[PDB]
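Colleague: entry11.json is reproduced in full below (JSON, C-alpha atoms).
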[["chain", "number", "residue", "atom", "x", "y", "z"],
["A", 1, "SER", "CA", -5.26, 3.33, -20.28],
["A", 2, "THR", "CA", -3.58, 1.81, -17.25],
["A", 3, "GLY", "CA", -1.39, -1.15, -16.38],
["A", 4, "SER", "CA", -0.71, -3.06, -13.16],
["A", 5, "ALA", "CA", 1.96, -5.72, -12.67],
["A", 6, "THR", "CA", 3.26, -7.59, -9.66],
["A", 7, "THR", "CA", 6.97, -7.24, -8.87],
["A", 8, "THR", "CA", 8.72, -10.05, -6.98],
["A", 9, "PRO", "CA", 12.01, -10.17, -5.06],
["A", 10, "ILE", "CA", 14.64, -12.30, -6.81],
["A", 11, "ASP", "CA", 15.91, -13.81, -3.56],
["A", 12, "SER", "CA", 15.46, -13.88, 0.21],
["A", 13, "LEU", "CA", 17.36, -10.59, 0.65],
["A", 14, "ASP", "CA", 15.34, -8.48, -1.81],
["A", 15, "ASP", "CA", 18.53, -7.93, -3.83],
["A", 16, "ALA", "CA", 16.36, -6.85, -6.78],
["A", 17, "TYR", "CA", 12.80, -7.19, -8.04],
["A", 18, "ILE", "CA", 11.53, -8.73, -11.27],
["A", 19, "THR", "CA", 8.36, -7.90, -13.16],
["A", 20, "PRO", "CA", 6.96, -9.95, -16.06],
["A", 21, "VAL", "CA", 6.89, -8.12, -19.41],
["A", 22, "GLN", "CA", 5.29, -9.34, -22.64],
["A", 23, "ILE", "CA", 7.41, -8.69, -25.76],
["A", 24, "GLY", "CA", 6.46, -9.43, -29.34],
["A", 25, "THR", "CA", 3.77, -11.40, -31.15],
["A", 26, "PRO", "CA", 3.02, -14.01, -29.99],
["A", 27, "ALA", "CA", 4.06, -12.73, -26.58],
["A", 28, "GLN", "CA", 7.42, -13.71, -25.15],
["A", 29, "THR", "CA", 7.34, -13.11, -21.41],
["A", 30, "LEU", "CA", 10.62, -12.02, -19.82],
["A", 31, "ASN", "CA", 11.19, -11.04, -16.20],
["A", 32, "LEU", "CA", 12.74, -7.59, -16.18],
["A", 33, "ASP", "CA", 14.32, -5.42, -13.48],
["A", 34, "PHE", "CA", 12.38, -2.15, -13.53],
["A", 35, "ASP", "CA", 15.01, 0.52, -12.97],
["A", 36, "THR", "CA", 14.10, 4.15, -12.28],
["A", 37, "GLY", "CA", 17.82, 4.97, -12.43],
["A", 38, "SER", "CA", 18.34, 4.13, -16.12],
["A", 39, "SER", "CA", 16.55, 4.53, -19.43],
["A", 40, "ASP", "CA", 17.21, 1.47, -21.60],
["A", 41, "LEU", "CA", 14.90, -1.50, -22.05],
["A", 42, "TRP", "CA", 17.33, -4.31, -22.83],
["A", 43, "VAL", "CA", 16.97, -8.07, -22.87],
["A", 44, "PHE", "CA", 18.86, -11.30, -23.05],
["A", 45, "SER", "CA", 18.21, -12.58, -26.54],
["A", 46, "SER", "CA", 18.93, -15.11, -29.25],
["A", 47, "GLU", "CA", 21.81, -12.77, -30.21],
["A", 48, "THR", "CA", 23.48, -12.89, -26.79],
["A", 49, "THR", "CA", 26.90, -14.57, -26.79],
["A", 50, "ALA", "CA", 26.05, -18.16, -25.80],
["A", 51, "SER", "CA", 28.66, -18.46, -23.05],
["A", 52, "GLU", "CA", 27.14, -15.37, -21.42],
["A", 53, "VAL", "CA", 23.67, -16.89, -21.07],
["A", 54, "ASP", "CA", 23.13, -19.05, -17.96],
["A", 55, "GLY", "CA", 19.47, -19.79, -17.28],
["A", 56, "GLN", "CA", 17.88, -16.53, -18.44],
["A", 57, "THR", "CA", 14.81, -16.46, -20.64],
["A", 58, "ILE", "CA", 15.70, -14.95, -24.03],
["A", 59, "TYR", "CA", 13.84, -12.77, -26.51],
["A", 60, "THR", "CA", 14.00, -14.19, -30.04],
["A", 61, "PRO", "CA", 13.04, -11.40, -32.44],
["A", 62, "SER", "CA", 12.85, -13.73, -35.47],
["A", 63, "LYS", "CA", 9.89, -15.46, -33.76],
["A", 64, "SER", "CA", 7.99, -12.18, -33.34],
["A", 65, "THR", "CA", 5.88, -11.10, -36.29],
["A", 66, "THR", "CA", 5.88, -7.51, -35.01],
["A", 67, "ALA", "CA", 9.66, -7.22, -34.48],
["A", 68, "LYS", "CA", 11.57, -4.89, -36.79],
["A", 69, "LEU", "CA", 15.32, -4.31, -36.76],
["A", 70, "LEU", "CA", 16.04, -0.66, -36.06],
["A", 71, "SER", "CA", 18.55, -0.22, -38.82],
["A", 72, "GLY", "CA", 22.01, 0.94, -37.76],
["A", 73, "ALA", "CA", 21.10, 1.33, -34.09],
["A", 74, "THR", "CA", 23.38, 0.07, -31.33],
["A", 75, "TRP", "CA", 23.46, 0.51, -27.56],
["A", 76, "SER", "CA", 26.00, 0.15, -24.77],
["A", 77, "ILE", "CA", 25.49, 0.85, -21.09],
["A", 78, "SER", "CA", 27.55, 0.75, -17.92],
["A", 79, "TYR", "CA", 25.87, 0.82, -14.53],
["A", 80, "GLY", "CA", 26.95, 2.27, -11.19],
["A", 81, "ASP", "CA", 27.83, -1.18, -9.88],
["A", 82, "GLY", "CA", 30.35, -1.73, -12.68],
["A", 83, "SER", "CA", 28.17, -4.07, -14.74],
["A", 84, "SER", "CA", 27.50, -3.50, -18.44],
["A", 85, "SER", "CA", 25.82, -4.75, -21.60],
["A", 86, "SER", "CA", 25.55, -3.84, -25.29],
["A", 87, "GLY", "CA", 23.98, -4.85, -28.59],
["A", 88, "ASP", "CA", 21.57, -3.89, -31.35],
["A", 89, "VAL", "CA", 17.97, -2.72, -31.38],
["A", 90, "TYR", "CA", 14.54, -3.86, -32.50],
["A", 91, "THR", "CA", 11.18, -2.20, -32.23],
["A", 92, "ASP", "CA", 8.35, -4.43, -31.06],
["A", 93, "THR", "CA", 5.15, -4.49, -29.04],
["A", 94, "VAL", "CA", 5.71, -4.43, -25.28],
["A", 95, "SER", "CA", 3.04, -4.87, -22.62],
["A", 96, "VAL", "CA", 3.27, -4.47, -18.85],
["A", 97, "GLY", "CA", 0.35, -5.52, -16.70],
["A", 98, "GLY", "CA", -2.15, -4.98, -19.52],
["A", 99, "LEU", "CA", -0.68, -1.67, -20.79],
["A", 100, "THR", "CA", 0.59, -1.98, -24.37],
["A", 101, "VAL", "CA", 3.11, 0.14, -26.29],
["A", 102, "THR", "CA", 3.65, -0.51, -29.97],
["A", 103, "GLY", "CA", 6.99, 0.40, -31.54],
["A", 104, "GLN", "CA", 8.94, 0.22, -28.28],
["A", 105, "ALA", "CA", 12.71, 0.05, -28.63],
["A", 106, "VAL", "CA", 13.78, -3.36, -27.35],
["A", 107, "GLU", "CA", 17.55, -3.42, -27.00],
["A", 108, "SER", "CA", 18.86, -6.91, -27.73],
["A", 109, "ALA", "CA", 22.05, -7.84, -25.91],
["A", 110, "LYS", "CA", 24.95, -9.25, -27.86],
["A", 111, "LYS", "CA", 27.21, -8.99, -24.80],
["A", 112, "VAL", "CA", 26.54, -8.83, -21.07],
["A", 113, "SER", "CA", 29.00, -8.61, -18.16],
["A", 114, "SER", "CA", 29.54, -11.46, -15.72],
["A", 115, "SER", "CA", 27.20, -10.15, -13.03],
["A", 116, "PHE", "CA", 24.27, -10.37, -15.47],
["A", 117, "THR", "CA", 25.23, -13.85, -16.66],
["A", 118, "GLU", "CA", 25.54, -15.02, -13.06],
["A", 119, "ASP", "CA", 22.04, -13.85, -12.17],
["A", 120, "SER", "CA", 19.69, -16.35, -13.77],
["A", 121, "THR", "CA", 16.57, -14.60, -12.48],
["A", 122, "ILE", "CA", 16.94, -11.30, -14.38],
["A", 123, "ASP", "CA", 16.19, -11.45, -18.12],
["A", 124, "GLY", "CA", 16.97, -7.76, -18.70],
["A", 125, "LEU", "CA", 16.18, -4.22, -17.50],
["A", 126, "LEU", "CA", 13.30, -1.86, -18.15],
["A", 127, "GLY", "CA", 14.49, 1.69, -17.61],
["A", 128, "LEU", "CA", 12.16, 4.27, -16.08],
["A", 129, "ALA", "CA", 14.45, 7.29, -15.69],
["A", 130, "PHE", "CA", 14.25, 10.12, -18.25],
["A", 131, "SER", "CA", 14.76, 9.32, -21.92],
["A", 132, "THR", "CA", 17.68, 11.75, -22.10],
["A", 133, "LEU", "CA", 19.80, 8.94, -20.55],
["A", 134, "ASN", "CA", 18.89, 6.36, -23.21],
["A", 135, "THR", "CA", 22.07, 4.98, -24.82],
["A", 136, "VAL", "CA", 20.81, 4.05, -28.29],
["A", 137, "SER", "CA", 22.96, 5.54, -31.05],
["A", 138, "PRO", "CA", 22.72, 7.29, -33.45],
["A", 139, "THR", "CA", 19.04, 7.95, -32.64],
["A", 140, "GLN", "CA", 18.17, 8.03, -28.94],
["A", 141, "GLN", "CA", 15.05, 6.07, -28.02],
["A", 142, "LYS", "CA", 12.21, 6.64, -25.55],
["A", 143, "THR", "CA", 11.47, 4.66, -22.40],
["A", 144, "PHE", "CA", 8.36, 2.51, -22.07],
["A", 145, "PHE", "CA", 6.84, 5.13, -19.75],
["A", 146, "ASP", "CA", 7.64, 8.00, -22.12],
["A", 147, "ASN", "CA", 5.97, 6.11, -24.99],
["A", 148, "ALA", "CA", 2.92, 5.17, -22.89],
["A", 149, "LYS", "CA", 2.48, 8.53, -21.19],
["A", 150, "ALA", "CA", 0.05, 10.28, -23.52],
["A", 151, "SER", "CA", -2.28, 7.26, -23.50],
["A", 152, "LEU", "CA", -2.32, 6.86, -19.73],
["A", 153, "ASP", "CA", -5.29, 8.08, -17.67],
["A", 154, "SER", "CA", -2.76, 10.14, -15.66],
["A", 155, "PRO", "CA", 0.92, 10.56, -16.62],
["A", 156, "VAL", "CA", 2.30, 8.67, -13.62],
["A", 157, "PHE", "CA", 3.63, 5.35, -12.48],
["A", 158, "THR", "CA", 3.93, 4.07, -8.92],
["A", 159, "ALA", "CA", 6.35, 1.73, -7.18],
["A", 160, "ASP", "CA", 5.11, -0.30, -4.23],
["A", 161, "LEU", "CA", 7.98, -2.65, -3.40],
["A", 162, "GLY", "CA", 7.54, -5.32, -0.74],
["A", 163, "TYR", "CA", 9.81, -6.28, 2.11],
["A", 164, "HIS", "CA", 10.50, -10.00, 1.61],
["A", 165, "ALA", "CA", 7.22, -10.10, -0.36],
["A", 166, "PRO", "CA", 5.75, -9.21, -3.75],
["A", 167, "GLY", "CA", 4.65, -5.67, -4.57],
["A", 168, "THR", "CA", 3.24, -3.71, -7.48],
["A", 169, "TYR", "CA", 4.13, -1.37, -10.33],
["A", 170, "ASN", "CA", 1.11, 0.60, -11.58],
["A", 171, "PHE", "CA", 0.97, 2.79, -14.68],
["A", 172, "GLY", "CA", -1.55, 5.56, -15.22],
["A", 173, "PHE", "CA", -3.30, 5.65, -11.85],
["A", 174, "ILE", "CA", -2.74, 5.98, -8.12],
["A", 175, "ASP", "CA", -4.22, 3.14, -6.05],
["A", 176, "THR", "CA", -5.59, 5.01, -3.04],
["A", 177, "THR", "CA", -5.97, 1.73, -1.11],
["A", 178, "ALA", "CA", -2.24, 0.99, -1.31],
["A", 179, "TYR", "CA", -0.97, 3.52, 1.25],
["A", 180, "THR", "CA", -1.88, 5.12, 4.57],
["A", 181, "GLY", "CA", -2.29, 8.81, 5.27],
["A", 182, "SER", "CA", -1.45, 11.22, 2.46],
["A", 183, "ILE", "CA", 1.07, 11.35, -0.35],
["A", 184, "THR", "CA", 3.63, 14.14, 0.10],
["A", 185, "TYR", "CA", 4.95, 15.48, -3.19],
["A", 186, "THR", "CA", 8.39, 16.99, -3.59],
["A", 187, "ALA", "CA", 10.28, 18.72, -6.42],
["A", 188, "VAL", "CA", 12.34, 16.84, -9.00],
["A", 189, "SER", "CA", 15.35, 17.96, -11.00],
["A", 190, "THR", "CA", 15.71, 16.19, -14.35],
["A", 191, "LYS", "CA", 19.07, 17.86, -15.06],
["A", 192, "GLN", "CA", 21.02, 14.60, -14.66],
["A", 193, "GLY", "CA", 18.27, 12.46, -16.22],
["A", 194, "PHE", "CA", 17.25, 10.96, -12.86],
["A", 195, "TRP", "CA", 14.30, 11.23, -10.50],
["A", 196, "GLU", "CA", 16.44, 13.53, -8.37],
["A", 197, "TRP", "CA", 14.98, 15.18, -5.27],
["A", 198, "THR", "CA", 16.01, 16.63, -1.90],
["A", 199, "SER", "CA", 15.17, 14.91, 1.35],
["A", 200, "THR", "CA", 14.64, 17.25, 4.29],
["A", 201, "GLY", "CA", 16.61, 15.19, 6.82],
["A", 202, "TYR", "CA", 16.82, 12.03, 8.86],
["A", 203, "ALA", "CA", 16.56, 10.32, 12.23],
["A", 204, "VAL", "CA", 18.17, 7.20, 13.65],
["A", 205, "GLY", "CA", 15.88, 4.97, 15.69],
["A", 206, "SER", "CA", 13.92, 6.98, 18.24],
["A", 207, "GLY", "CA", 16.43, 9.83, 18.02],
["A", 208, "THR", "CA", 15.70, 13.44, 17.18],
["A", 209, "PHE", "CA", 15.18, 14.41, 13.57],
["A", 210, "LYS", "CA", 18.08, 16.26, 11.95],
["A", 211, "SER", "CA", 16.92, 18.84, 9.44],
["A", 212, "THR", "CA", 19.39, 18.82, 6.58],
["A", 213, "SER", "CA", 19.06, 18.78, 2.80],
["A", 214, "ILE", "CA", 20.07, 15.51, 1.15],
["A", 215, "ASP", "CA", 19.98, 15.53, -2.66],
["A", 216, "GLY", "CA", 19.60, 12.08, -4.15],
["A", 217, "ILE", "CA", 17.84, 9.87, -6.68],
["A", 218, "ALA", "CA", 14.88, 7.55, -6.32],
["A", 219, "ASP", "CA", 16.34, 4.39, -7.87],
["A", 220, "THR", "CA", 14.42, 1.13, -7.91],
["A", 221, "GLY", "CA", 17.37, -0.57, -9.63],
["A", 222, "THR", "CA", 19.76, -0.04, -6.71],
["A", 223, "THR", "CA", 19.39, -2.43, -3.77],
["A", 224, "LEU", "CA", 20.70, -0.30, -0.88],
["A", 225, "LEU", "CA", 20.39, 3.19, 0.58],
["A", 226, "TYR", "CA", 23.54, 5.26, -0.14],
["A", 227, "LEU", "CA", 23.83, 8.47, 1.90],
["A", 228, "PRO", "CA", 26.55, 10.92, 2.98],
["A", 229, "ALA", "CA", 29.27, 9.51, 5.23],
["A", 230, "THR", "CA", 28.21, 11.72, 8.14],
["A", 231, "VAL", "CA", 24.66, 10.32, 8.07],
["A", 232, "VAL", "CA", 25.78, 6.73, 7.65],
["A", 233, "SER", "CA", 28.30, 7.00, 10.50],
["A", 234, "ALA", "CA", 25.57, 8.36, 12.76],
["A", 235, "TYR", "CA", 23.36, 5.39, 11.92],
["A", 236, "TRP", "CA", 25.95, 2.63, 12.47],
["A", 237, "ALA", "CA", 27.23, 4.24, 15.68],
["A", 238, "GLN", "CA", 23.93, 3.07, 17.20],
["A", 239, "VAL", "CA", 24.73, -0.59, 16.44],
["A", 240, "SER", "CA", 27.14, -2.25, 18.86],
["A", 241, "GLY", "CA", 30.08, -3.77, 17.03],
["A", 242, "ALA", "CA", 29.26, -2.24, 13.64],
["A", 243, "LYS", "CA", 32.23, -1.03, 11.60],
["A", 244, "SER", "CA", 33.21, -0.02, 8.11],
["A", 245, "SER", "CA", 35.24, -2.79, 6.51],
["A", 246, "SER", "CA", 37.42, -1.89, 3.54],
["A", 247, "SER", "CA", 37.95, -5.60, 2.78],
["A", 248, "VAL", "CA", 34.22, -6.33, 2.63],
["A", 249, "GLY", "CA", 33.33, -3.02, 0.96],
["A", 250, "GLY", "CA", 31.17, -1.21, 3.49],
["A", 251, "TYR", "CA", 29.58, -1.27, 6.90],
["A", 252, "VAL", "CA", 29.12, -4.66, 8.52],
["A", 253, "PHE", "CA", 27.52, -5.52, 11.84],
["A", 254, "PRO", "CA", 27.15, -8.51, 14.17],
["A", 255, "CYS", "CA", 24.34, -10.68, 12.91],
["A", 256, "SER", "CA", 23.15, -10.91, 16.55],
["A", 257, "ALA", "CA", 22.29, -7.19, 16.54],
["A", 258, "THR", "CA", 18.85, -5.64, 16.61],
["A", 259, "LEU", "CA", 19.02, -2.80, 14.06],
["A", 260, "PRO", "CA", 17.42, 0.59, 14.70],
["A", 261, "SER", "CA", 15.01, 2.11, 12.22],
["A", 262, "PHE", "CA", 16.04, 4.94, 9.90],
["A", 263, "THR", "CA", 13.70, 7.83, 9.10],
["A", 264, "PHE", "CA", 14.02, 10.12, 6.07],
["A", 265, "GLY", "CA", 12.17, 13.37, 5.45],
["A", 266, "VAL", "CA", 9.96, 14.18, 2.50],
["A", 267, "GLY", "CA", 9.01, 17.80, 3.02],
["A", 268, "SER", "CA", 7.38, 17.87, 6.46],
["A", 269, "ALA", "CA", 6.50, 14.16, 6.19],
["A", 270, "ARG", "CA", 8.55, 11.23, 7.45],
["A", 271, "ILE", "CA", 9.16, 7.75, 6.03],
["A", 272, "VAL", "CA", 10.33, 5.15, 8.54],
["A", 273, "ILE", "CA", 12.52, 2.28, 7.34],
["A", 274, "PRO", "CA", 12.26, -0.55, 9.91],
["A", 275, "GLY", "CA", 15.54, -1.88, 11.21],
["A", 276, "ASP", "CA", 15.02, -5.31, 9.68],
["A", 277, "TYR", "CA", 14.96, -3.73, 6.18],
["A", 278, "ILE", "CA", 18.60, -2.72, 6.76],
["A", 279, "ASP", "CA", 19.82, -6.32, 7.29],
["A", 280, "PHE", "CA", 21.41, -7.88, 4.20],
["A", 281, "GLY", "CA", 22.54, -11.03, 5.93],
["A", 282, "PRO", "CA", 25.87, -12.80, 6.31],
["A", 283, "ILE", "CA", 28.75, -11.38, 4.26],
["A", 284, "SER", "CA", 29.53, -14.94, 3.15],
["A", 285, "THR", "CA", 27.68, -18.17, 3.84],
["A", 286, "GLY", "CA", 27.90, -19.12, 7.51],
["A", 287, "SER", "CA", 29.46, -15.86, 8.67],
["A", 288, "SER", "CA", 28.23, -14.06, 11.79],
["A", 289, "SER", "CA", 29.15, -10.71, 10.21],
["A", 290, "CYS", "CA", 26.18, -9.20, 8.37],
["A", 291, "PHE", "CA", 26.15, -6.62, 5.57],
["A", 292, "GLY", "CA", 24.44, -3.31, 6.17],
["A", 293, "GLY", "CA", 21.67, -1.86, 4.03],
["A", 294, "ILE", "CA", 22.71, 1.75, 4.59],
["A", 295, "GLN", "CA", 26.10, 2.56, 3.07],
["A", 296, "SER", "CA", 28.17, 5.63, 2.28],
["A", 297, "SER", "CA", 27.73, 7.38, -1.05],
["A", 298, "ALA", "CA", 31.19, 8.93, -0.78],
["A", 299, "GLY", "CA", 32.94, 8.27, -4.05],
["A", 300, "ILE", "CA", 29.70, 7.34, -5.84],
["A", 301, "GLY", "CA", 29.17, 11.03, -6.44],
["A", 302, "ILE", "CA", 25.43, 10.90, -5.75],
["A", 303, "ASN", "CA", 23.12, 9.82, -2.94],
["A", 304, "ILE", "CA", 20.82, 6.95, -3.88],
["A", 305, "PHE", "CA", 17.44, 6.20, -2.35],
["A", 306, "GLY", "CA", 17.45, 2.57, -3.46],
["A", 307, "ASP", "CA", 15.14, -0.30, -2.61],
["A", 308, "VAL", "CA", 15.92, -0.21, 1.14],
["A", 309, "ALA", "CA", 14.31, 3.24, 1.28],
["A", 310, "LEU", "CA", 11.70, 2.92, -1.45],
["A", 311, "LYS", "CA", 10.20, -0.32, -0.15],
["A", 312, "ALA", "CA", 9.24, 1.51, 3.07],
["A", 313, "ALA", "CA", 6.95, 3.77, 0.98],
["A", 314, "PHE", "CA", 4.36, 4.00, -1.73],
["A", 315, "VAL", "CA", 6.19, 6.07, -4.35],
["A", 316, "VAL", "CA", 4.63, 8.16, -7.12],
["A", 317, "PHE", "CA", 6.74, 8.98, -10.17],
["A", 318, "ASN", "CA", 4.75, 11.89, -11.59],
["A", 319, "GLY", "CA", 5.68, 12.48, -15.22],
["A", 320, "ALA", "CA", 3.59, 15.62, -15.70],
["A", 321, "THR", "CA", 5.14, 18.49, -17.68],
["A", 322, "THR", "CA", 6.95, 19.43, -14.48],
["A", 323, "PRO", "CA", 7.78, 16.06, -12.92],
["A", 324, "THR", "CA", 7.50, 15.48, -9.17],
["A", 325, "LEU", "CA", 7.89, 12.58, -6.73],
["A", 326, "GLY", "CA", 5.37, 11.55, -4.12],
["A", 327, "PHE", "CA", 5.93, 9.43, -1.00],
["A", 328, "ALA", "CA", 3.38, 7.91, 1.37],
["A", 329, "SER", "CA", 3.72, 5.53, 4.29],
["A", 330, "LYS", "CA", 2.01, 2.15, 3.87]]
Using structure tokens, write down the structure from this file.
Modeller:
Amino acid sequence: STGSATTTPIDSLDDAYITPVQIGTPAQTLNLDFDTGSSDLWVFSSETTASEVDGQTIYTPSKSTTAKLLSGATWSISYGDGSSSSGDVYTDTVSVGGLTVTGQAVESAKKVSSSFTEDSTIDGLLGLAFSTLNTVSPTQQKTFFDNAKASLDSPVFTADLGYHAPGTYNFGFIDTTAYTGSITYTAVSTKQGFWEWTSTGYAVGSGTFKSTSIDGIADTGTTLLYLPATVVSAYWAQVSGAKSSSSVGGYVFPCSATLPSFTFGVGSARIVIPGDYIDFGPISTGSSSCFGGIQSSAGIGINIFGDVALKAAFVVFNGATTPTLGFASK
């Protein structure tokens, strides 16, 4: 089997992407944030504290003839950005772009943190990291991909995120029309439960490529590109007036600037992030100070190849017995 679904930016900055997901019988369609940095499929629901729901579409398990309470199961998750959610668990039928899993754990939120409430466009998350990170207790549950894998034509999914435009998540096949040149594959460590890999280096603008190993995670659920302070300083030094602002929480730059591109290495291959992908707009409405899309990972504890990086590529998440990651230009 295969599936193919369009993913759409939630706003004009590409702060996140939502993908429609069918849950239950009859189908209830929710728009979920596909997140290769976590492993829980959780939704706003009829059980979510009412004051914490503000415009989201909810899953109502009592209206699904295929929903079953997973007795005794609870979940609770905290994300790198400080947000969180928790609740109980159902199993139900879940379909993405025509690919159906029966008996998928659907984690129903009883509580969500303010950042989730405040974002009306995201009805929940669909985790695509390794199932070892799943938070369901006392019996850990499998991700949608893990459950689908054996049925897929090939045990892969691909992320093709757009810049200020829709893109595609495919399951079970590689669309050879969706990228240019070849896909370069690189090793993955699953030791931390992430799609963790090592970039071979970087360049700023038309500058020379610096060969250096950068361990990090391919994370569709993180907006920005978080890299070591040395790398990030080298980038922003090429932007007149750019500075790190403790009050704002990272590098800012004059909105009048033209940003240089940023290149990262995948083996001997190179992925070029155009400068405009690195512009996250005014820090507050009407400001002429703009927020940068490349930020320091210092004090995160891990480098993160988030949407800024991934949207410059066609990305293969290869879930073979030994997982790997592939990147192509597009």
Colleague: Just give me the residues with any atom within 6 Å of (11.6, -9.1, -27.7), file coordinates, counting all atoms listed in the file, written as a VMD selection string.
Modeller: chain A and resid 23 to 24 59 61
Colleague: Name all residues at most 9 Å from stretch 305-320 of chain A (count all atoms listed in the file; drop same-chain ones fewer than 2 positions away) and give them as a ChimeraX atom specification.
Modeller: /A:14-16,145-146,149,154-163,167,174,178-180,183,185,195,216-227,262,264,271-274,277-278,293-294,303,322-330
Colleague: My list of candidates is A:109, A:104, A:75, A:270. Which is closest to residue A:58 when distances are computed with all atoms listed in the file?
Modeller: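 Smallest separation from residue A:58 among the options: A:109.
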Colleague: Need to verify the contact set: residue A:101, 12 Å, all atoms listed in the file, exclusion of same-chain residues closer than 5 positions in sequence. Can you return it as a ChimeraX atom specification?
Modeller: /A:1-3,21-24,66,91-96,106,142-152
Colleague: At what distance in Å, to one decimal, does atom CA of residue A:99 lie from atom CA of residue A:193?
Modeller: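 Between atom CA of residue A:193 and atom CA of residue A:99 the gap is 24.1 Å.
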Colleague: Using all atoms listed in the file, what does the table of stretch 142-215 of chain A residues within 10 Å of stretch 228-245 of chain A look like, with each row giving the shortest atom pair and its distance in Å to one decimal, sorted by chain and ascending number, as CSV?
Modeller:
residue,atom,partner,partner_atom,distance
A:201,CA,A:231,CA,9.5
A:202,CA,A:231,CA,8.1
A:203,CA,A:235,CA,8.4
A:204,CA,A:235,CA,5.8
A:205,CA,A:235,CA,8.4
A:210,CA,A:231,CA,9.7
A:214,CA,A:228,CA,8.1
A:215,CA,A:228,CA,9.8
Colleague: For the residues selected in the previous step, produce a file with C-alpha atoms as an mmCIF file, keeping the file's coordinate frame.
Modeller:
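Result saved to result_37.cif:
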data_model
loop_
_atom_site.group_PDB
_atom_site.id
_atom_site.type_symbol
_atom_site.label_atom_id
_atom_site.label_comp_id
_atom_site.auth_asym_id
_atom_site.auth_seq_id
_atom_site.Cartn_x
_atom_site.Cartn_y
_atom_site.Cartn_z
ATOM 1 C CA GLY A 201 16.610 15.190 6.820
ATOM 2 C CA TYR A 202 16.820 12.030 8.860
ATOM 3 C CA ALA A 203 16.560 10.320 12.230
ATOM 4 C CA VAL A 204 18.170 7.200 13.650
ATOM 5 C CA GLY A 205 15.880 4.970 15.690
ATOM 6 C CA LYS A 210 18.080 16.260 11.950
ATOM 7 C CA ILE A 214 20.070 15.510 1.150
ATOM 8 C CA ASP A 215 19.980 15.530 -2.660
#
Colleague: Taking 5 positions as the minimum chain separation for residues in the same chain, which residues sit within 8 Å of stretch 38-55 of chain A when counting only C-alpha atoms? Answer as a PyMOL selection string.
Modeller: chain A and resi 32+60-61+105-114+117-121+123-135+142-144+194
Colleague: Would you mind reading off the distance between atom CA of residue A:251 and atom CA of residue A:282, one decimal, in Å?
Modeller: 12.1 Å
Colleague: Give me, please, the distance in Å between atom CA of residue A:98 and atom CA of residue A:173, quoted to one decimal.
Modeller: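 These atoms are spaced 13.2 Å apart.
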Colleague: I need the residue nearest residue A:188 from this list: A:170, A:12, A:321, A:176. Use only C-alpha atoms for the distance.
Modeller: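 Closest candidate: A:321.
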Colleague: Kindly indicate which residue among A:184, A:65, A:189, A:141 lies nearest to residue A:266, using only C-alpha atoms for the distances.
Modeller: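 Looking only at the distances to residue A:266, the closest residue turns out to be A:184.
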